[PDB]
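[1] Partial complex here, more coming in a sec:
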Amino acid sequence: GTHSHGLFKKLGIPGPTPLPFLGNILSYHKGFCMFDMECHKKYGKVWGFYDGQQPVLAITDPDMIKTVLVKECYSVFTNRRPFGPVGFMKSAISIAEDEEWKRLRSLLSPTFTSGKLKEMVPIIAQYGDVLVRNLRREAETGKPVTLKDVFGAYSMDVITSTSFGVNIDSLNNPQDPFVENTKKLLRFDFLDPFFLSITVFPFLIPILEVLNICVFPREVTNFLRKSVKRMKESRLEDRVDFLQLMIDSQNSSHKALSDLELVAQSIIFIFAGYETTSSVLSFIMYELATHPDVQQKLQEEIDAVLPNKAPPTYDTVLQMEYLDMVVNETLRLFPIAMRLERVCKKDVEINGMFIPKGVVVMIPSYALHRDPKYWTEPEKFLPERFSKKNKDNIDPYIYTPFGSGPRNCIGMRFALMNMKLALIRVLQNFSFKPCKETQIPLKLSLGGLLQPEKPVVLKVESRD
């Protein structure tokens, strides 16, 4: 039960001693983030641990992190940890490996250009207005509002319309078969029973693939596959969404995106942007209600750029420095990816350190973001860290809320524009105050997702 549990003693690398079979998973009782803080404080710059039989080497050195995420990305550190039975979703860009990934990123990167993005702002902006009208009636009511649900619906509306050209008010159509399915595409909690068991029993993943058992519920994938097949066959008789952009890239080097590859990207885009965007949007409105100074300052900035509740535009969005500072400071405190990982594909020596084939090199983003050594008052919400007076003292490989290098988040600038468009229209119309249900201070789940312990609820007063 300890065939590989000797690797870090032999390489001289420190860390918590592993138990036969389990590795260090019982140390996850407090969640990925507490585990990474404790190891960092205890073992220092570099340390190892075992997810079952799987050795994970954590690195915290900015120069080492860059070699991994940027320098030897293609040569050595190309892929993330395989994580369970995955079926045809093996070809979604976030899961594909080595040369297939590079072909998919080349094929899909033209779809996330700033040019295409500002062509999508009129679509996103429309559901900002839907978000507002939904919020006002739950404000005129005066009853506390669950951000998870108002911003979930917003994020869904922006995916349904920019991904597929489907226009739904999901908040007022929770039974549209398109909403019911897509709502099921939540992010994975790698500390829940199924994934914990998979971690101790990875030899069982090939058995689940053969039974077409899949972490993506084949009930929802099947729906979307046949949905996309329908949109693909319609339209062609008679738009600026992701699906169309992928239909078009099938008409030119690299082999055009096959029909099933295409569907796989549509799905992963949903999975990668849905519960993420809503989690950040909720964390941000949590900090704005517990720091009224900042909320007022931001409402003041928005009103100056968009006088008279003027509708936001791509260009007026990139203008708002304080809004950028607020978004960023929220992502420092709550980097919802928690860790970046890369599989070491071959024996290497980066920065004087020998990394053997097979190890999972992991960057504890949550921990580096709250390290005393780089950040004053590291638990405080303090947007002035990202003022231009201060943002140059910030290491791009310490602050990695979207990752770094060729395999960073391909939807970053889309996700930032989307969240800010939401915030502008929400703050033009409303102020957000705490309640008695409001967990102050916010507690994070001990699970495997960086999310509040209990969901966040707030007062929403109308400014008019």
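    Everything's here; your move. Residues are numbered from 1 along each chain as shown, chains lettered A, B, ... in the order given.

[2] residue ranges for the strands of the stretch 51-200 of chain A, please.
    A:54-59, A:145-146 (DSSP state E, counting those that start in this stretch).

[3] so which of those strands gets nearest residue A:34?
    Nearest to residue A:34, of all the strands of the stretch 51-200 of chain A, is strand A:54-59, at 13.9 Å by Cβ to Cβ. Yep, even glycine has a C-beta here, placed from its N, CA and C like the rest.

[4] Once you drop chain neighbours, what's closest to residue A:87?
    The shortest distance from residue A:87 to any non-neighbouring residue, by Cβ to Cβ, 6 or more residues apart in numbering, is to residue A:214 (4.4 Å).

[5] Thought residue A:90 was touching the one you found, still the case?
    No. Counting by Cβ atoms under 8 Å, residue A:214 does not reach residue A:90; the two are 10.3 Å apart.

[6] More neighbours: these two, which one.
    When residue A:214 and residue A:90 are compared for neighbours, residue A:214 comes out ahead with 17 against 14, by other Cβ atoms under 10 Å.

[7] For the more buried one, give its distance to residue A:1.
    As judged by Cβ to Cβ, to the nearest Å, residue A:214 and residue A:1 stand 29 Å apart.

[8] residues near the residue nearest to residue A:1 when sequence neighbours are not counted, how many?
    Nearest residue to residue A:1, sequence neighbours excluded (Cβ to Cβ, 6+ apart): residue A:20, at 3.4 Å. For residue A:20, the count of nearby residues is 9 (other Cβ under 10 Å).

[9] CA-only coordinates of stretch A:100-118 in CSV, if you can.
    In CSV, the C-alpha atoms belonging to stretch A:100-118 read as follows (Å, rounded to 0.1, in the frame of the first residue of the first chain):
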residue,chain,number,x,y,z
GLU,A,100,-5.0,17.4,-29.1
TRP,A,101,-5.3,20.3,-26.6
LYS,A,102,-2.9,22.5,-28.6
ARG,A,103,-5.1,22.0,-31.7
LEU,A,104,-8.2,22.8,-29.8
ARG,A,105,-6.7,26.0,-28.2
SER,A,106,-5.5,27.1,-31.6
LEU,A,107,-9.0,26.5,-33.1
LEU,A,108,-10.9,28.2,-30.3
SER,A,109,-8.7,31.1,-29.3
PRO,A,110,-9.9,33.3,-32.2
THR,A,111,-13.3,33.0,-30.6
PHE,A,112,-12.2,34.8,-27.4
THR,A,113,-10.6,37.8,-29.0
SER,A,114,-11.4,41.3,-27.8
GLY,A,115,-13.0,41.9,-31.3
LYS,A,116,-15.5,39.0,-30.9
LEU,A,117,-16.0,40.0,-27.2
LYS,A,118,-17.2,43.6,-27.9
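
[10] extra chain here, label it chain B:
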Amino acid sequence: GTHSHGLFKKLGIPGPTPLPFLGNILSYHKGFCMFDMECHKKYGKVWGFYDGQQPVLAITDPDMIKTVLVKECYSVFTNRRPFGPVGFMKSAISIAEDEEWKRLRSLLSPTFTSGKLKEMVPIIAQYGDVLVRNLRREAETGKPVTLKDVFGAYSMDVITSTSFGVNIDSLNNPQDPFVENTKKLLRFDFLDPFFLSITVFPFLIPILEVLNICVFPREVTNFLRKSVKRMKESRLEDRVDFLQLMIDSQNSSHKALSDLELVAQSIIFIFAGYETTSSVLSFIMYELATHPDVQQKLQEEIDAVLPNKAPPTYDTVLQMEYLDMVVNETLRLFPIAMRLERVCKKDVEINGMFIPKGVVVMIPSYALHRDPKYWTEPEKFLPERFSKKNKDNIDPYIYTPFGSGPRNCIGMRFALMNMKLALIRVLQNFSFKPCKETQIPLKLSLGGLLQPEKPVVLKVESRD
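    Same chains as before, plus chain B:
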């Protein structure tokens, strides 16, 4: 049960239609060799079939075969089919993959040079004499002789002494712990129940690895590991064998052969040279007893080069053209590897044919060796095919008894020198005649090893 069973219909490639789950394995009731002849005759140049869910594309075109075994060996077609739970034997050169294999072949090729080989002939030659004295007493007795056993013991003696510097008369020491274990390293019958089940249930191989269950009986591997560890620790206090040559290459580019890598090569060498050498030596003496003309002609050639029962030498061995013709013609009829295989590592187009990632490209050596289109009277034993008058009409990619290109048999010229040294000393002293037990004509097993149906027995008369 037919997720991949549609590949050859879609690519336009012909072949026998597969059954859910099984693929075409039930067609193996007649053995690998009959299956390959029937498909060749029926589907022609190229055809596909499924070993369980595993698609195998057979190719018979000499130009296509060369692209696979020679041209795109490193780029595309580097590795053989994985075949079962294999433990630490994952690093033996015949099993290792991609860049690890290339490092091992670079490290071990200097050990199979002609220079080192003629330095080993005095060792091999010694057990030729042991073979003779063993044969004479079973000849003076007059009782039929089982070649499997006389040549098994010969091959063992040559491995024990050239591999490890261990000198045993295995025929007269069947209880030496070193003989008992090494005798257990027989070749795999991929049509026996365990490997058939593995072929239908490959998703179970990771479960067997985790239980340290291994196709190499960990009872024998453990013995040799600790044996080599002993020879390694002895000697060093106080030789021209393979082990020493590997000890020496650990003292220089590529990282020297680690202690466990070294042991893995020692073992695989045994597995690759033991039952192979004895099978060919037995097939050859079968043809010499059923073609007395050829046996006399060869005895005549040997006596001319080595007058007065003179002991053979490296240089007098490469002299004997008829002996070379006999060995080669026997290997045509009985290429004991039966097939060469390479895994297609990425989508390629060789010779106008699209090969997708994952397919096992297989070369039916047995079948090409008995193809009417290249060979007159293809079932006849006719050594004059390899006379210099005729051997230029022979395609090196049709006749592939040791494979071809960078991944051919690294012990070829050793195995040829070894078999010929055996034949010379045996034919200087004895003539071999059939018996009534002698299966005429020889029938091949319907199993997965190319071997006689019933073992071969012969009269052995002394020439003096």
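
[11] what residue is smack in the middle of chain A?
    residue A:276 (4.6 Å; Cα atoms, centre = their mean).

[12] burial measure for residue A:190, as a count.
    21 (other Cβ atoms under 10 Å in any protein chain shown).

[13] Hmm, residue A:187 and the residue nearest to the centre of chain A touching each other?
    Yes. With contact defined as Cβ under 8 Å, residue A:276 and residue A:187 form a contacting pair (7.0 Å).

[14] Residue A:50 is in what secondary structure piece?
    strand A:46-51 (DSSP states H and E).

[15] Find the closest residue to chain B in the stretch 51-200 of chain A.
    residue A:99 (7.0 Å; Cβ to the nearest Cβ).

[16] I'd guessed that residue sits against residue B:346; true?
    Yes. Contact criterion Cβ under 8 Å: residue A:99 and residue B:346 qualify, at 7.0 Å.

[17] Leaving out sequence neighbours, find the closest residue to the closest residue to chain B within the stretch 251-400 of chain A.
    The stretch 251-400 of chain A approaches chain B most closely through residue A:346 (7.0 Å), counting by Cβ to the nearest Cβ. Closest residue to residue A:346 apart from its sequence neighbours, by Cβ to Cβ, 6 or more residues apart in numbering or on different chains: residue A:357 at 5.3 Å.

[18] Doesn't the one you found belong to a helix?
    No. According to DSSP: H, G, I helix; E, B strand; the rest coil, residue A:357 belongs to no helix; its state is coil.

[19] just checking, it touches residue B:90?
    No. If you go by Cβ under 8 Å, residue A:357 and residue B:90 don't touch, sitting 12.0 Å apart.

[20] Thank you, goodbye.
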